[PDB]
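Engineer: Provided herewith: final.pdb, PDB, C-alpha atoms.
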```
ATOM      1  CA  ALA E   1    -236.898  15.594  32.916  1.00  0.00           C
ATOM      2  CA  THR E   2    -235.928  14.747  36.481  1.00  0.00           C
ATOM      3  CA  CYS E   3    -239.451  15.182  37.811  1.00  0.00           C
ATOM      4  CA  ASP E   4    -242.505  13.433  36.440  1.00  0.00           C
ATOM      5  CA  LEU E   5    -245.338  11.341  37.864  1.00  0.00           C
ATOM      6  CA  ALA E   6    -244.185   7.743  37.475  1.00  0.00           C
ATOM      7  CA  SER E   7    -241.116   8.741  39.474  1.00  0.00           C
ATOM      8  CA  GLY E   8    -241.357   5.684  41.708  1.00  0.00           C
ATOM      9  CA  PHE E   9    -244.744   6.722  43.069  1.00  0.00           C
ATOM     10  CA  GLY E  10    -243.513  10.229  43.697  1.00  0.00           C
ATOM     11  CA  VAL E  11    -242.219  13.160  41.690  1.00  0.00           C
ATOM     12  CA  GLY E  12    -238.479  12.786  41.424  1.00  0.00           C
ATOM     13  CA  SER E  13    -236.826  13.426  44.780  1.00  0.00           C
ATOM     14  CA  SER E  14    -234.870  10.168  44.973  1.00  0.00           C
ATOM     15  CA  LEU E  15    -233.511  10.616  41.455  1.00  0.00           C
ATOM     16  CA  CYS E  16    -232.848  14.304  42.077  1.00  0.00           C
ATOM     17  CA  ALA E  17    -230.809  13.396  45.159  1.00  0.00           C
ATOM     18  CA  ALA E  18    -228.805  10.524  43.648  1.00  0.00           C
ATOM     19  CA  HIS E  19    -228.336  12.356  40.361  1.00  0.00           C
ATOM     20  CA  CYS E  20    -227.030  15.440  42.174  1.00  0.00           C
ATOM     21  CA  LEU E  21    -224.777  13.303  44.384  1.00  0.00           C
ATOM     22  CA  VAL E  22    -222.832  12.612  41.204  1.00  0.00           C
ATOM     23  CA  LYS E  23    -222.281  16.310  40.556  1.00  0.00           C
ATOM     24  CA  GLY E  24    -221.351  17.183  44.111  1.00  0.00           C
ATOM     25  CA  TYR E  25    -224.463  17.688  46.189  1.00  0.00           C
ATOM     26  CA  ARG E  26    -225.366  16.128  49.516  1.00  0.00           C
ATOM     27  CA  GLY E  27    -229.068  16.101  48.796  1.00  0.00           C
ATOM     28  CA  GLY E  28    -231.770  16.541  46.204  1.00  0.00           C
ATOM     29  CA  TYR E  29    -235.513  17.057  46.293  1.00  0.00           C
ATOM     30  CA  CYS E  30    -238.125  17.834  43.672  1.00  0.00           C
ATOM     31  CA  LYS E  31    -240.260  20.861  44.470  1.00  0.00           C
ATOM     32  CA  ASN E  32    -242.690  22.625  42.126  1.00  0.00           C
ATOM     33  CA  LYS E  33    -241.987  19.851  39.603  1.00  0.00           C
ATOM     34  CA  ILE E  34    -238.312  20.865  39.566  1.00  0.00           C
ATOM     35  CA  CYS E  35    -235.263  19.025  40.897  1.00  0.00           C
ATOM     36  CA  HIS E  36    -233.770  21.246  43.584  1.00  0.00           C
ATOM     37  CA  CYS E  37    -230.487  20.031  44.978  1.00  0.00           C
ATOM     38  CA  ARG E  38    -228.997  20.965  48.330  1.00  0.00           C
ATOM     39  CA  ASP E  39    -225.527  21.127  49.878  1.00  0.00           C
ATOM     40  CA  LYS E  40    -223.015  21.744  47.131  1.00  0.00           C
ATOM     41  CA  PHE E  41    -219.472  21.064  48.284  1.00  0.00           C
TER      42      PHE E  41
END
```
Spell out the structure here as C-alpha coordinates.
Structural biologist:
Amino acid sequence: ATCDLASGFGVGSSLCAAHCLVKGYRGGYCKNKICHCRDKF
(Lines of atoms letter the chains of each structure in order from A and count residues from 1; the text may use other names and numbers.)
(Lines give C-alpha, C1' and ligand atoms only; values in the text may rest on other atoms or scores of the structure.)
Protein backbone atom coordinates (compact mmCIF):
# COMPACT_ATOMS: atom_id res chain seq x y z
CA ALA A 1 0.00 0.00 0.00
CA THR A 2 1.10 3.55 -0.73
CA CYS A 3 -0.19 4.90 2.57
CA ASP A 4 0.72 3.53 5.96
CA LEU A 5 2.05 4.94 9.23
CA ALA A 6 5.82 4.51 9.02
CA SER A 7 5.64 6.51 5.79
CA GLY A 8 8.57 8.71 6.79
CA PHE A 9 6.73 10.10 9.80
CA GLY A 10 3.65 10.76 7.73
CA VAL A 11 1.11 8.77 5.75
CA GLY A 12 2.41 8.49 2.22
CA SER A 13 2.24 11.84 0.45
CA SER A 14 5.89 12.00 -0.62
CA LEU A 15 5.76 8.48 -2.04
CA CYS A 16 2.36 9.13 -3.61
CA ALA A 17 3.78 12.19 -5.36
CA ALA A 18 7.05 10.65 -6.58
CA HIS A 19 5.36 7.38 -7.49
CA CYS A 20 2.72 9.21 -9.53
CA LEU A 21 5.37 11.39 -11.18
CA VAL A 22 6.50 8.20 -12.88
CA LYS A 23 3.05 7.58 -14.34
CA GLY A 24 2.47 11.14 -15.47
CA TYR A 25 1.23 13.24 -12.58
CA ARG A 26 2.55 16.56 -11.32
CA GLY A 27 1.64 15.85 -7.73
CA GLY A 28 0.51 13.28 -5.22
CA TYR A 29 -0.93 13.38 -1.73
CA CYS A 30 -2.37 10.78 0.61
CA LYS A 31 -5.82 11.62 1.91
CA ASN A 32 -8.16 9.30 3.83
CA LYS A 33 -5.33 6.75 3.85
CA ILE A 34 -5.39 6.71 0.04
CA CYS A 35 -2.83 8.01 -2.46
CA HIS A 36 -4.58 10.71 -4.46
CA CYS A 37 -2.56 12.08 -7.34
CA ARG A 38 -3.06 15.43 -9.02
CA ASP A 39 -2.33 16.97 -12.42
CA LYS A 40 -2.33 14.21 -15.01
CA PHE A 41 -0.77 15.35 -18.27
Engineer: Which polymer residues, protein or nucleic acid, are no farther than 9 Å from (-239.9, 21.0, 41.5), counting only C-alpha atoms, as number ranges by chain?
Structural biologist: E: 2-3, 11-13, 29-36
Engineer: Of the candidates E:6, E:20, E:15, E:1, which shows the shortest atom-to-atom distance to residue 38 of chain E, using all atoms listed in the file?
Structural biologist: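 Once distances to residue 38 of chain E are computed over all atoms listed in the file, the minimum belongs to E:20.
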Engineer: Given the PyMOL selection byres ((chain E and resi 24) around 9) and the file above, list the residues it selects as a ChimeraX atom specification.
Structural biologist: /E:20-23,25-26,39-41
